[PDB]
Amino acid sequence: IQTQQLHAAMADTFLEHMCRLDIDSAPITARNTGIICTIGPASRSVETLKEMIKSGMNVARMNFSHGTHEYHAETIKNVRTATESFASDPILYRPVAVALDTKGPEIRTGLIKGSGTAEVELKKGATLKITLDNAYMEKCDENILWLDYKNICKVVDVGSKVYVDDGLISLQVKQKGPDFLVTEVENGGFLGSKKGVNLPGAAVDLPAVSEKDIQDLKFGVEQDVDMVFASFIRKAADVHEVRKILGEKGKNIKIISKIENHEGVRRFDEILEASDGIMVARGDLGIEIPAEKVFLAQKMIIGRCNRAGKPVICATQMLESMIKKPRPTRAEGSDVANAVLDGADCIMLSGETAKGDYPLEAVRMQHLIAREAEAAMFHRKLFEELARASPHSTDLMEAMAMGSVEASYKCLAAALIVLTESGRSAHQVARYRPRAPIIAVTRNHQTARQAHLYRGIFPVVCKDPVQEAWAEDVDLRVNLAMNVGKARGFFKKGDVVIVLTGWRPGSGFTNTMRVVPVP
Amino acid sequence: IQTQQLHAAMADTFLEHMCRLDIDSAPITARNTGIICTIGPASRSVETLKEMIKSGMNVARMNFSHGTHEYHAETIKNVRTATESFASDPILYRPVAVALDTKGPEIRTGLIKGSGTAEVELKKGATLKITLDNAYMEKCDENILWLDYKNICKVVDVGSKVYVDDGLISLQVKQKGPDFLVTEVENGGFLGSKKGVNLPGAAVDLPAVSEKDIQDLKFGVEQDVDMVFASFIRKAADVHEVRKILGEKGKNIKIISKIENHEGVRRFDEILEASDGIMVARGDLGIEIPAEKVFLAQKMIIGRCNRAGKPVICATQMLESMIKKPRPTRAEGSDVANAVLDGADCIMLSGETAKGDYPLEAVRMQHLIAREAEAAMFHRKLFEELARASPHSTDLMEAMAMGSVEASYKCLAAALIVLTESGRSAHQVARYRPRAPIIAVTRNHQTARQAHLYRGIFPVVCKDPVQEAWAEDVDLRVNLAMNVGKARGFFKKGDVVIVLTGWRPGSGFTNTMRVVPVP
Amino acid sequence: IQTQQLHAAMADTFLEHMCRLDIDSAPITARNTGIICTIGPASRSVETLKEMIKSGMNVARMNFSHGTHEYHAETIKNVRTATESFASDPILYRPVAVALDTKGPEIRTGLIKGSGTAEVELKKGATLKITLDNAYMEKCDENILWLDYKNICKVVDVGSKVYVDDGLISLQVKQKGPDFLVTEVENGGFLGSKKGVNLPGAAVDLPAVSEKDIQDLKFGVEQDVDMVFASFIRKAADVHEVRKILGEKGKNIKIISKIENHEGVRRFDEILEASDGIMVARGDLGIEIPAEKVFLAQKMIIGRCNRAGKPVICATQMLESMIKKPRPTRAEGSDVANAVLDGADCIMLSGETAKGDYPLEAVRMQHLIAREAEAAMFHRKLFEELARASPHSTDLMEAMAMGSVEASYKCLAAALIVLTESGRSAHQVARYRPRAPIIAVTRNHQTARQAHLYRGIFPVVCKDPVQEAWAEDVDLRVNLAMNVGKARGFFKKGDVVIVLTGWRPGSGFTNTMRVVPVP
Ligand SMILES: [K+]
Ligand SMILES: [K+]
Ligand SMILES: [K+]
Ligand SMILES: [Mn+2]
Ligand SMILES: [Mn+2]
Ligand SMILES: [Mn+2]
C-alpha cells in the first residue's frame with residue numbers, strides 16, 4: 001500500500017531510502033514547489049493566463065531583455081486580470097506574483113543584412129570581422145558582425161574566445177585591431193539577428209545597472225511588481241545598486257540575484273547575504289563556465305540557500321523540448337525531479353511558456369513531477385542536517401518552526417497553518433522543510449504573492465476585517481485556512497494539522513502551536 | 001586549491017557535501033562510468049568508430065529493432081576492425097564490447113500509403129480505426145491504422161488508452177468491436193510509418209522471446225557478442241527463456257534485463273536475481289507508466305543494483321537534443337550527472353550516436369560530465385551505506401574488496417590494480433565504489449570486454465604468455481597495469497596505488513593486497 | 001543464537017545497539033583489554049605470580065611509593081622467574097611487562113604516637129595542629145599531626161581545606177601561624193600512620209621529579225623495566241624531565257603520565273603529546289577535584305587517547321571491595337565494563353592485588369568482565385568515528401590498518417596476525433579497534449612486553465633464528481601465530497584471519513595484508 005513515499009521515509013540510509021522509492025506510492029494533492037512562468041506571445045492573452053493559473057503558475061516573469069514598457073505593462077495587466085477573475089471566491093482564489101527580469105550587462109550583435117539569405121553561416125575555419133561601426137548595425141553577414149558592446153576590444157585579447165548565440169557558435173580573436181576584431185570561427189554554424197554573445201574569459205566592464213536597467217526597475221516599482229530577478233549580478237555591490245534604485249518606494253520588493261557567470265559563483269556567499277533570494281540561471285552560467293560543471297554550481301547554490309533560509313530558483317531549459325513537443329524528454333523529467341530533490345524552492349519555465357506551442361502542458365508537467373519528487377525527499381535526514389547547521393538561536397521562531405515541523409512529521413499532519421502578516425513565521429517553517437503544505441493566511445496581499453518564493457507555503461489572502469476580539473479574529477483566519485484546505489483536497493474532516501498562531505495580538509511571531517482536528 | 005571535490009568529500013552531512021561542491025576543483029583524468037553507444041548510419045564507418053573509441057565509447061550497442069542480420073553483421077565487423085586498429089599497442093589498447101539489444105514484445109503500426117515518408121494528421125476528436133485485418137497492412141491512412149499485435153482486442157477495453165509514436169500520440173478506445181478498435185484521438189498529431197505502440201494499462205500477452213528474437217539471440221551467439229539487452233523482460237521466467245536460448249554455447253554472455261514497463265518494475269527483485277545486470281530503459285518506461293514517475297523507478301533500480309553489486313545502465317534521451325545540436329541542454333547535462341551520482345555503472349547514448357549529426361561530441365560530453373559527477377559523489381557516506389547494507393558476508397573477496405577500497409580512501413591511492421581472469425575480484429572491488437580507477441589486468445579477452453559494465457573497472461588485456469614462476473608472472477601483469485596507468489595519466493612515478501593479487505596460482509580470488517609506489 | 005553480541009553490532013543506532021545486548025550471547029575466548037596488577041605482599045611469591053599469570057595478569061606494577069630498592073628488586077625478580085617458568089613452551093608462553101610507578105610529589109603524615117595501637121579519632125569541630133617539627137614525626141595524635149611537606153605553610157592560607165587519608169578526613173586551616181597550621185576538622189574520623197594528604201586548592205611546589213624519584217627511575221633503567229608510570233605529572237615539562245632522567249639508556253622505556261589533579265586535566269593535551277600513554281589515576285584525581293566529576297575526566301581522557309592512538313589506563317578501586325570479599329559489588333562490575341566500553345586500553349588493580357585476600361579472584365573477574373564488555377562495544381560506530389578523526393591525510397601504515405580492521409569486520413575474522421619488531425604496525429591496527437584479537441609476532445622481547453599497553457594486541461615472542469629466505473622467515477612467524485592461536489582457543493582449522501606482513505625484508509611496515517584460512 002503506502003502513500004507519498006512513506007515507506008522510504010522510514011529508511012535509515014540514503015541507499016535504503018532510494019531502494020524504497022515506489023512508483024505506486026501516490027503523492028499528495030498539494031504541491032510545494034513554486035512554479036515560475038515566463039510570459040510571452042504564447043501566453044499573454046488573458047484567456048491563456050486563466051488556464052496558466054489553473055494549471056499551476058504561481059509567478060509570472062516578464063523578461064525585460066526584450067519588449068517596450070507599454071508591452072510589458074499590458075502583459076502585467078493581463079496576468080492581473082486573469083488572476084482577479086478568480087478573486088470572487090475567497091476559498092478558491094490563488095494569489096499570483098509578478099516578477100521582473102532585468103536585461104543587465106548583455107552583449108548582442110545586430111540584424112543580418114536583409115539583402116541576402118535568411119541566416120548567415122559561419123563555417124569552421126572561416127574569418128569573421130567583429131565591428132562596432134553602427135553603420136553595419138543591421139547589415140551583418142559571414143564577413144562583418146556588429147555588437148552592441150563598445151569597449152569589447154579593451155577586455156578581449158588575441159586568442160580570446162567569443163561565443164555567440166547561446167554559445168552554440170564559437171569565435172577566436174586572431175587580430176585585435178583598434179576598434180575592431182578579426183576572428184576565426186571555431187564552432188557553430190548558423191547566425192541570426194540579435195543573438196546573445198558571451199566573453200567567458202573576459203572582464204566585461206559593462207554596468208551592473210545600466211541606464212536601461214534603471215528605468216526598468218523604476219518602472220517595476222511603478223507597476224508594483226513583487227520581485228526583481230537581477231541579471232548577471234556578480235557581487236554584493238551589484239545587489240546593493242539594485243537595492244538603491246528600487247530605493248525607499250520599492251523597499252519591499254524582493255531582490256533575487258541571478259547567478260550566471262564565474263564571478264557570481266565565486267562570490268556567491270556575499271551575494272546571498274545581500275539578496276532576498278537566488279536564481280540559478282543555468283543558461284548563461286552554462287556558457288560562462290564549462291557545461292559539465294553547472295550541476296555542481298546548482299547543487300552548491302541550492303544547498304547554501306537552503307542552509308541560509310532564502311528562496312532559490314532553478315531555471316532554464318528544464319522542459320526545453322516541450323517548446324515544440326507535447327511530452328518532455330526523459331532527461332528533462334529527470335532534471336525537474338532532481339532540482340526539487342536538490343532543494344530548489346521554485347522551478348522556472350522560460351520559452352516553454354513564453355513562446356512554445358505547449359505552454360499549458362509544460363506547467364502541468366512540472367506540477368506533476370514536483371509533487372512526485374517532493375514526496376521522494378528524505379525528510380528525516382534533511383531535517384536533522386538542516387537543524388544541525390542551525391546556529392545557536394536567540395530567535396524563538398526558529399525554535400517554534402523546528403518544533404512544529406518535527407511535530408508535523410510525528411502525527412503525519414495534513415498541513416501546517418500559519419497566521420502571519422510579514423510572512424516571516426511561515427518563511428521559517430518552510431525553511432525546515434515539512435512534508436505537508438504550509439497554508440499561510442495573511443491580510444497582506446503582497447506577502448501572499450511573495451510567499452510563493454518559499455517551498456511549501458500556500459498563500460491565502462484573508463479579506464475579512466479584523467475582529468474585535470483577538471481570539472475570534474484568529475479562529476476566523478484559521479477556519480479560512482481549514483476551508484481552503486478542504487476545498488483543495490489537502491485534507492478532510494478528521495485529519496490532523498498543526499496550527500501556528502500568535503498568543504496575543506502584540507506577539508512578534510507565531511509563538512503558539514497546536515495539533516488540531518480539521519473538522 | 002583542492003582536487004576532485006576532496007574538500008566536499010570531508011563533509012559529515014549531505015547538505016555540507018553539496019554546499020562544498022567546487023567548480024574549480026579539477027576532476028581526475030580517469031573516467032569510471034562506462035559509456036554505451038548505439039551504432040547506426042551516423043557511426044557505422046570504421047573511420048568514425050575509431051574516433052568513437054578515442055572519444056570514450058566502451059560498448060557498441062546494435063539495436064535489433066531494425067536492420068537485417070547481414071546489416072548488423074557488417075556493423076559488428078566494423079567496430080571490431082576499428083577496435084583492433086589499436087591492438088598493436090598493448091598499453092594504449094582499449095577493448096570494446098559488442099552488445100545486442102533485443103526487439104522483444106514490440107507493437108508497431110504498419111506502413112502508411114505503402115511509402116516510407118508518411119503524412120496524415122489526427123488531433124482531438126478525430127475518430128481513428130485500429131484494424132488487425134492484415135489486408136490494409138501496408139495501407140494505413142488518416143482513418144484506419146493497422147497494428148502488428150493480433151490479440152490487441154482481448155487485452156484492452158472501452159476507455160483504454162493507446163500511445164503511438166513515442167507516446168506523442170494518444171488514442172482512446174470508444175468501441176471495442178470484434179477484431180478491431182474504433183478510437184478517438186486524444187493527443188498527438190502527425191503519424192509516420194512503422195511507429196512504436198504502447199498499451200500502458202493492458203497486459204500484453206506477446207512472447208518474452210519471440211521467433212524473431214530467438215534467431216537474433218542465436219545470431220548473437222554466432223557473432224560472439226559479449227552481452228544481450230533483453231527488451232521488455234517483465235519477470236524471472238523471461239530472463240530464463242533468454243538464458244536458455246543463449247544456451248550452453250552462450251553461457252558466458254551476460255544478460256542485461258531491460259526494465260521498461262510497470263510489470264518489470266513491480267517484479268524487479270526477482271528479475272535482478274536472474275540477470276547479470278539491468279538497464280533502465282526510460283524510453284518505454286516513461287510511456288508505460290507516467291513520465292513524472294520514471295525518476296522514482298530509476299533511483300530505486302540503480303540503488304538496488306548497487307546494493308546487489310550487479311551492473312545497472314541508465315539510458316535513452318540523456319543528451320537527446322544533441323542529435324541536431326553540438327551542445328546539450330542544461331537539463332540533459334544535469335540528467336547525466338545525476339545518473340552518475342545516483343550510482344549508475346554505465347550511461348547510454350541511442351540516437352545521439354546512432355543517427356545524429358554530432359555522435360562524437362555527444363560521447364565526449366558524457367565523458368566530461370561523468371568525470372565531473374564521479375568526483376561529486378559522497379564516497380565516505382556511500383561506502384558506509386553500501387557496507388552497513390551488505391547483510392551477511394562469507395565471500396572473502398567482499399572482505400578483501402571493502403578493506404582495499406577503504407585503504408584506497410585513506411592514502412588517496414591513484415588506482416587499484418586487480419589481477420583477475422573471471423573478473424570476479426575486480427567486480428567486487430567496483431561494487432564498493434572506490435574513488436580511484438580500478439585497473440583490471442586479465443588474459444581473458446572477454447572478461448576484459450565485459451568489465452566495462454562495471455563502474456570504475458578499466459580493462460587491460462595482457463597478451464604476454466604465463467611465466468614459469470608465479471611471482472614473475474604477477475610482477476609482469478602488475479607492471480603492465482603500472483605502465484597503462486602512467487600512459488593514461490592516471491598516475492606518475494611516486495604516487496600510491498593498492499595492488500590486489502593472488503598469493504599462489506591456485507588462490508580462488510584476490511587474497512593479497514598491498515600499498516605500493518608506482519615507480 | 002548469536003555470538004559475541006553480533007546481533008547488537010548490526011544496529012544502526014546506539015539506542016538499538018543497547019536494546020540488543022544479550023546476556024546469552026557468549027563472548028569470545030580472547031580478551032583484548034590488558035590487565036595491570038599491582039604487586040605487593042599478597043602476590044610477591046613466585047608461586048602466586050605463576051597463578052597471577054595463568055589468571056590473566058599482563059603487567060606487574062611496582063609501586064615505589066613504598067619499599068626499598070632491594071625490596072622491589074626481589075619482587076621484580078620473582079615476576080620474571082614466574083614468567084620464565086613458562087618460557088619452555090614457545091606456543092603457551094605469555095610475556096609479562098614490568099612497570100615502575102613513581103612516588104612523585106606525595107604528601108604523607110607521620111606515625112601516630114605509641115599508645116596501645118589505638119588509632120586516633122578526629123571528631124568534627126575539633127582543632128588538631130599540623131606541625132613540621134621533625135620531633136612529632138613519630139608521635140602524632142588528636143592534637144598534633146606531622147607532615148613531610150616543608151613548604152606547606154607558603155602554599156595554603158586561612159580557610160584552605162586539607163584532605164587526609166584518601167580524602168576521607170577533612171581539615172580547614174583556621175590560623176596560618178609561621179611554620180605550623182592550626183586547623184579545624186570538618187570531616188573524617190580515624191587517622192592512622194603515614195596517610196595520604198591532599199591540598200586540592202593549593203599549588204604544591206614539590207619537585208615533579210624528586211631526589212627519591214631520580215634514583216628510582218635510574219634504578220628502573222638498571223632493572224630494565226618496560227614502562228614508567230610517572231605520578232602527578234601536571235604538564236609537558238614534567239614528562240620531559242622524566243624522559244631526560246631515563247635518558248639515552250632508557251630511551252625505549254615508555255612513559256605513562258598519570259593524570260591525578262586539576263592541573264594535569266587542564267593541560268592534558270600537551271601532556272599526551274609528550275607521553276607514550278596515559279593513566280587515569282582516579283584515586284588522587286577524585287580528591288584533587290570533586291568526586292562527581294571524575295567520570296567526566298576519565299571519559300574525556302580515554303576519548304582523546306583513543307583519538308590519538310596512545311594507550312590509556314583506567315585505575316584505582318575498580319574491584320575495591322574484593323580486597324576483603326570473594327565477589328565484587330554490582331557497581332564495581334559496572335565500573336570495569338564501562339571502562340572497557342569507554343575505550344580504555346588497560347584496566348588496573350592496586351590493592352585488590354597488592355594486599356588483598358582475593359588477588360587471584362580479582363584478576364579473574366576483570367578478565368571475565370573485560371571479554372563480556374569488549375563484545376558489547378559498538379565497533380561499526382566506533383570505527384567510523386575513529387577514521388573521521390584520522391582525515392585522508394596519510395602516513396600509509398594506517399591505511400593498511402583501517403583497511404585491515406574493516407576487512408576483519410566483513411569476514412568476521414578470528415584474528416589479525418601482525419609481524420612487527422618495533423611493534424608500530426600492530427599499534428596502528430589496535431588503534432582502529434578491531435573486534436578480533438591482534439596476534440603480534442616479534443623477535444623483540446621488549447616490544448612484546450610493551451605491546452600489552454595496547455587494546456587487543458596479543459604478544460608472541462619468536463625465538464627461532466631469522467631464515468635465509470624472507471618468504472620462509474615470514475611463513476615461520478605466521479605459523480607460530482597460527483599455532484599460538486589454535487592453542488589458546490582463538491580459532492580452529494578452517495577459520496579466517498587476516499595476515500599483515502612486509503612484502504620485502506626492507507619494508508618499513510606491514511604493507512601486505514591477506515585473508516587466509518588458518519589450517
Ligand atoms: K533578462
Ligand atoms: K530494441
Ligand atoms: K606511586
Ligand atoms: Mn541570462
Ligand atoms: Mn525500448
Ligand atoms: Mn597517585
# chains A, B, ... in the order shown; residues from 1 in each chain; ligands from 1
>>> calpha_fit_rmsd(fixed="chain C", moving="chain A")
0.5 Å
>>> interface_residues(of="chain C", to="chain A", cutoff="12 Å", atoms="only C-alpha atoms", output="list in words")
residues 11, 12 and 13 of chain C
>>> select_by_dssp(residues="region 207-319 of chain C", states="strand (DSSP E or B)", output="VMD selection string")
chain C and resid 227 to 230 254 to 259 277 to 281 312 to 315
>>> residues_near_ligand(ligand="ligand 6", cutoff="8 Å", atoms="only C-alpha atoms and all ligand atoms", output="VMD selection string")
chain C and resid 103 231 to 232 258 260 281 283 to 285
>>> write_last_selection(atoms="C-alpha atoms", output="short mmCIF file (atom, residue, chain, number, x, y, z; two decimals), in the first residue's frame")
data_model
loop_
_atom_site.label_atom_id
_atom_site.label_comp_id
_atom_site.auth_asym_id
_atom_site.auth_seq_id
_atom_site.Cartn_x
_atom_site.Cartn_y
_atom_site.Cartn_z
CA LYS C 103 56.39 8.16 44.14
CA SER C 231 52.88 10.17 39.18
CA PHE C 232 51.28 13.64 39.43
CA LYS C 258 49.39 9.77 35.43
CA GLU C 260 45.57 12.95 39.06
CA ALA C 281 44.61 7.79 38.40
CA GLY C 283 42.50 7.90 43.25
CA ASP C 284 44.02 11.33 43.87
CA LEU C 285 42.08 12.75 40.92
#
>>> residues_near_ligand(ligand="ligand 2", cutoff="9 Å", atoms="only C-alpha atoms and all ligand atoms", output="number ranges by chain")
B: 62-66, 100-104, 106, 229-232
>>> write_last_selection(atoms="N, CA, C and O atoms", output="mmCIF file, in the first residue's frame")
data_model
loop_
_atom_site.group_PDB
_atom_site.id
_atom_site.type_symbol
_atom_site.label_atom_id
_atom_site.label_comp_id
_atom_site.auth_asym_id
_atom_site.auth_seq_id
_atom_site.Cartn_x
_atom_site.Cartn_y
_atom_site.Cartn_z
ATOM 1 N N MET B 62 23.998 -2.692 -30.742
ATOM 2 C CA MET B 62 23.304 -2.911 -32.011
ATOM 3 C C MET B 62 21.836 -3.104 -31.661
ATOM 4 O O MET B 62 21.484 -4.062 -30.974
ATOM 5 N N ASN B 63 20.984 -2.195 -32.126
ATOM 6 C CA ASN B 63 19.551 -2.270 -31.848
ATOM 7 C C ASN B 63 18.811 -3.107 -32.897
ATOM 8 O O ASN B 63 18.506 -2.625 -33.998
ATOM 9 N N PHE B 64 18.499 -4.351 -32.549
ATOM 10 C CA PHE B 64 17.831 -5.241 -33.489
ATOM 11 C C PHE B 64 16.357 -4.961 -33.720
ATOM 12 O O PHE B 64 15.623 -5.813 -34.219
ATOM 13 N N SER B 65 15.910 -3.760 -33.369
ATOM 14 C CA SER B 65 14.511 -3.427 -33.607
ATOM 15 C C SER B 65 14.380 -3.164 -35.094
ATOM 16 O O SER B 65 13.290 -3.223 -35.648
ATOM 17 N N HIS B 66 15.512 -2.878 -35.730
ATOM 18 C CA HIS B 66 15.567 -2.626 -37.162
ATOM 19 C C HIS B 66 16.857 -3.232 -37.716
ATOM 20 O O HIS B 66 17.761 -3.582 -36.958
ATOM 21 N N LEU B 100 24.094 -6.711 -28.020
ATOM 22 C CA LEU B 100 22.926 -6.941 -28.839
ATOM 23 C C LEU B 100 21.696 -6.596 -28.023
ATOM 24 O O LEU B 100 21.470 -7.168 -26.948
ATOM 25 N N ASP B 101 20.924 -5.634 -28.532
ATOM 26 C CA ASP B 101 19.690 -5.202 -27.900
ATOM 27 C C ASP B 101 18.530 -5.825 -28.647
ATOM 28 O O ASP B 101 18.358 -5.623 -29.843
ATOM 29 N N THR B 102 17.740 -6.579 -27.906
ATOM 30 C CA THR B 102 16.582 -7.329 -28.388
ATOM 31 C C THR B 102 15.362 -6.500 -28.777
ATOM 32 O O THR B 102 15.167 -5.397 -28.269
ATOM 33 N N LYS B 103 14.552 -7.035 -29.692
ATOM 34 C CA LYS B 103 13.328 -6.360 -30.115
ATOM 35 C C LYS B 103 12.240 -6.619 -29.068
ATOM 36 O O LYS B 103 11.508 -5.712 -28.677
ATOM 37 N N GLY B 104 12.143 -7.871 -28.631
ATOM 38 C CA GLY B 104 11.152 -8.245 -27.644
ATOM 39 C C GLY B 104 9.711 -8.082 -28.126
ATOM 40 O O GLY B 104 9.444 -8.042 -29.336
ATOM 41 N N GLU B 106 7.401 -5.987 -29.078
ATOM 42 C CA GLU B 106 7.048 -4.653 -29.563
ATOM 43 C C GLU B 106 5.705 -4.640 -30.297
ATOM 44 O O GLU B 106 5.237 -5.666 -30.790
ATOM 45 N N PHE B 229 20.861 -7.206 -24.374
ATOM 46 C CA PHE B 229 19.987 -6.262 -23.701
ATOM 47 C C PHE B 229 18.559 -6.761 -24.013
ATOM 48 O O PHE B 229 17.966 -6.414 -25.048
ATOM 49 N N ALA B 230 18.032 -7.596 -23.113
ATOM 50 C CA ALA B 230 16.713 -8.187 -23.278
ATOM 51 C C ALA B 230 15.623 -7.153 -23.102
ATOM 52 O O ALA B 230 15.301 -6.754 -21.983
ATOM 53 N N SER B 231 15.048 -6.735 -24.226
ATOM 54 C CA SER B 231 13.991 -5.732 -24.224
ATOM 55 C C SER B 231 12.719 -6.254 -23.546
ATOM 56 O O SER B 231 12.416 -7.446 -23.614
ATOM 57 N N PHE B 232 12.012 -5.365 -22.851
ATOM 58 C CA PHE B 232 10.747 -5.691 -22.184
ATOM 59 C C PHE B 232 10.652 -6.895 -21.240
ATOM 60 O O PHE B 232 9.545 -7.384 -21.007
#
>>> residues_around(residues="residue 346 (chain C)", least_positions_apart="5", cutoff="8 Å", atoms="only C-alpha atoms", output="NGL selection string")
:C and (33-36 or 311-314 or 340 or 453-455)
>>> select_by_dssp(residues="region 75-262 of chain A", states="alpha helix (DSSP H)", output="PyMOL selection string")
chain A and resi 75-84+152-155+211-223+236-246+262
>>> write_last_selection(atoms="N, CA, C and O atoms", output="short mmCIF file (atom, residue, chain, number, x, y, z; two decimals), in the first residue's frame")
data_model
loop_
_atom_site.label_atom_id
_atom_site.label_comp_id
_atom_site.auth_asym_id
_atom_site.auth_seq_id
_atom_site.Cartn_x
_atom_site.Cartn_y
_atom_site.Cartn_z
N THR A 75 0.97 43.10 -20.64
CA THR A 75 1.06 41.73 -20.18
C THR A 75 0.91 41.65 -18.66
O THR A 75 0.28 40.73 -18.14
N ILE A 76 1.48 42.61 -17.94
CA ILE A 76 1.34 42.64 -16.48
C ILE A 76 -0.14 42.84 -16.19
O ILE A 76 -0.69 42.21 -15.29
N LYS A 77 -0.78 43.72 -16.95
CA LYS A 77 -2.21 43.97 -16.78
C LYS A 77 -3.03 42.70 -17.01
O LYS A 77 -3.96 42.41 -16.27
N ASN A 78 -2.67 41.93 -18.04
CA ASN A 78 -3.42 40.72 -18.32
C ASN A 78 -3.32 39.65 -17.23
O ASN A 78 -4.33 39.02 -16.89
N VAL A 79 -2.12 39.43 -16.68
CA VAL A 79 -1.98 38.42 -15.64
C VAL A 79 -2.82 38.82 -14.43
O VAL A 79 -3.42 37.96 -13.78
N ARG A 80 -2.88 40.12 -14.15
CA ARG A 80 -3.67 40.61 -13.01
C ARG A 80 -5.14 40.39 -13.29
O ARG A 80 -5.89 40.02 -12.39
N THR A 81 -5.54 40.61 -14.54
CA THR A 81 -6.93 40.44 -14.92
C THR A 81 -7.32 38.97 -14.77
O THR A 81 -8.36 38.64 -14.20
N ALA A 82 -6.46 38.10 -15.27
CA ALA A 82 -6.72 36.67 -15.19
C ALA A 82 -6.76 36.23 -13.76
O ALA A 82 -7.56 35.38 -13.38
N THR A 83 -5.88 36.80 -12.95
CA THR A 83 -5.81 36.43 -11.54
C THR A 83 -7.08 36.81 -10.82
O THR A 83 -7.70 35.96 -10.17
N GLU A 84 -7.48 38.07 -10.93
CA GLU A 84 -8.68 38.56 -10.26
C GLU A 84 -9.98 37.94 -10.75
O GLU A 84 -10.99 37.99 -10.04
N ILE A 152 34.29 46.29 -25.89
CA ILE A 152 34.70 44.92 -26.14
C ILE A 152 36.20 44.76 -26.41
O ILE A 152 36.84 43.92 -25.79
N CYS A 153 36.75 45.58 -27.30
CA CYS A 153 38.17 45.48 -27.65
C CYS A 153 39.17 45.59 -26.52
O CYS A 153 40.25 44.99 -26.59
N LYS A 154 38.84 46.36 -25.48
CA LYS A 154 39.76 46.54 -24.37
C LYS A 154 39.73 45.40 -23.34
O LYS A 154 40.64 45.29 -22.51
N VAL A 155 38.71 44.55 -23.40
CA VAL A 155 38.60 43.45 -22.45
C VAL A 155 38.92 42.07 -23.04
O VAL A 155 39.02 41.09 -22.30
N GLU A 211 21.69 52.35 -17.72
CA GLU A 211 20.64 53.35 -17.84
C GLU A 211 19.30 52.64 -18.07
O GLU A 211 18.33 52.84 -17.33
N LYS A 212 19.29 51.77 -19.09
CA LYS A 212 18.12 50.99 -19.48
C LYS A 212 17.56 50.25 -18.26
O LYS A 212 16.35 50.23 -18.05
N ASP A 213 18.45 49.66 -17.46
CA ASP A 213 18.03 48.93 -16.28
C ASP A 213 17.37 49.86 -15.28
O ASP A 213 16.30 49.56 -14.76
N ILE A 214 18.01 50.99 -15.01
CA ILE A 214 17.49 51.92 -14.03
C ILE A 214 16.07 52.28 -14.35
O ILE A 214 15.23 52.39 -13.46
N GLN A 215 15.79 52.46 -15.63
CA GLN A 215 14.44 52.84 -15.98
C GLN A 215 13.46 51.69 -15.80
O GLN A 215 12.34 51.91 -15.35
N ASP A 216 13.90 50.47 -16.10
CA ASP A 216 13.05 49.29 -15.96
C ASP A 216 12.68 48.99 -14.50
O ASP A 216 11.54 48.65 -14.19
N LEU A 217 13.65 49.11 -13.60
CA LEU A 217 13.41 48.86 -12.19
C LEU A 217 12.42 49.93 -11.70
O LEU A 217 11.43 49.62 -11.03
N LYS A 218 12.69 51.18 -12.06
CA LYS A 218 11.82 52.29 -11.68
C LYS A 218 10.39 51.93 -12.12
O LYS A 218 9.43 52.11 -11.36
N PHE A 219 10.29 51.42 -13.34
CA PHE A 219 9.02 51.00 -13.94
C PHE A 219 8.36 49.91 -13.10
O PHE A 219 7.14 49.91 -12.91
N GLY A 220 9.18 48.98 -12.61
CA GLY A 220 8.64 47.90 -11.80
C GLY A 220 8.00 48.45 -10.54
O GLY A 220 6.91 48.05 -10.15
N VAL A 221 8.70 49.37 -9.89
CA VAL A 221 8.18 49.97 -8.67
C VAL A 221 6.82 50.57 -8.99
O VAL A 221 5.83 50.33 -8.30
N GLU A 222 6.79 51.34 -10.07
CA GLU A 222 5.58 52.00 -10.56
C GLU A 222 4.48 50.95 -10.81
O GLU A 222 3.35 51.13 -10.36
N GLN A 223 4.83 49.87 -11.51
CA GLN A 223 3.88 48.80 -11.82
C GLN A 223 3.60 47.89 -10.62
O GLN A 223 2.79 46.96 -10.71
N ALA A 236 28.18 41.56 -4.05
CA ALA A 236 27.27 42.26 -3.14
C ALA A 236 26.98 43.68 -3.60
O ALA A 236 25.84 44.15 -3.52
N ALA A 237 28.01 44.35 -4.10
CA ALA A 237 27.88 45.72 -4.59
C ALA A 237 26.75 45.84 -5.61
O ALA A 237 25.95 46.77 -5.56
N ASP A 238 26.69 44.89 -6.54
CA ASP A 238 25.65 44.89 -7.56
C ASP A 238 24.25 44.82 -6.94
O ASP A 238 23.36 45.60 -7.30
N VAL A 239 24.06 43.89 -6.01
CA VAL A 239 22.78 43.74 -5.35
C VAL A 239 22.39 45.06 -4.71
O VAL A 239 21.24 45.50 -4.78
N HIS A 240 23.36 45.70 -4.08
CA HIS A 240 23.14 46.98 -3.41
C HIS A 240 22.72 48.09 -4.38
O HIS A 240 21.85 48.91 -4.07
N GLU A 241 23.33 48.13 -5.56
CA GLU A 241 22.97 49.13 -6.54
C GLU A 241 21.50 48.93 -6.90
O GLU A 241 20.73 49.89 -6.95
N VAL A 242 21.10 47.68 -7.13
CA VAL A 242 19.72 47.37 -7.45
C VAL A 242 18.81 47.72 -6.29
O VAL A 242 17.70 48.20 -6.49
N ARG A 243 19.28 47.47 -5.07
CA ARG A 243 18.50 47.79 -3.88
C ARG A 243 18.27 49.30 -3.82
O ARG A 243 17.16 49.77 -3.57
N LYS A 244 19.33 50.06 -4.06
CA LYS A 244 19.27 51.50 -4.03
C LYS A 244 18.29 52.06 -5.05
O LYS A 244 17.45 52.90 -4.72
N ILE A 245 18.37 51.60 -6.29
CA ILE A 245 17.46 52.07 -7.34
C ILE A 245 16.00 51.82 -6.95
O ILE A 245 15.17 52.71 -7.06
N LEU A 246 15.70 50.61 -6.49
CA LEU A 246 14.34 50.32 -6.04
C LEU A 246 14.05 51.30 -4.90
O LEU A 246 12.90 51.64 -4.62
N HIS A 262 31.13 33.00 -13.79
CA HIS A 262 32.11 32.52 -12.83
C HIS A 262 32.23 33.44 -11.63
O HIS A 262 32.26 32.97 -10.49
#
>>> atom_distance(atom1="CA of residue 424 (chain C)", atom2="CA of residue 479 (chain C)")
20.8 Å
>>> residues_around(residues="residue 90 (chain C)", least_positions_apart="6", cutoff="8 Å", atoms="only C-alpha atoms", output="PyMOL selection string")
chain C and resi 461-463
>>> atom_distance(atom1="CA of residue 49 (chain A)", atom2="CA of residue 481 (chain A)")
25.3 Å
>>> residues_around(residues="residue 324 (chain C)", least_positions_apart="2", cutoff="10 Å", atoms="only C-alpha atoms", output="count of residues only")
12
>>> residues_around(residues="residue 135 (chain A)", least_positions_apart="2", cutoff="12 Å", atoms="only C-alpha atoms", output="PyMOL selection string")
chain A and resi 110-111+113+131-133+137-140+144-147
>>> residues_around(residues="residue 403 (chain A)", least_positions_apart="3", cutoff="12 Å", atoms="only C-alpha atoms", output="list in words")
residues 383, 384, 387, 396, 397, 398, 399, 400, 406, 407, 408, 409, 410, 416, 428, 429, 432, 433, 434, 498, 499, 500, 510, 511, 512, 513, 514 and 515 of chain A
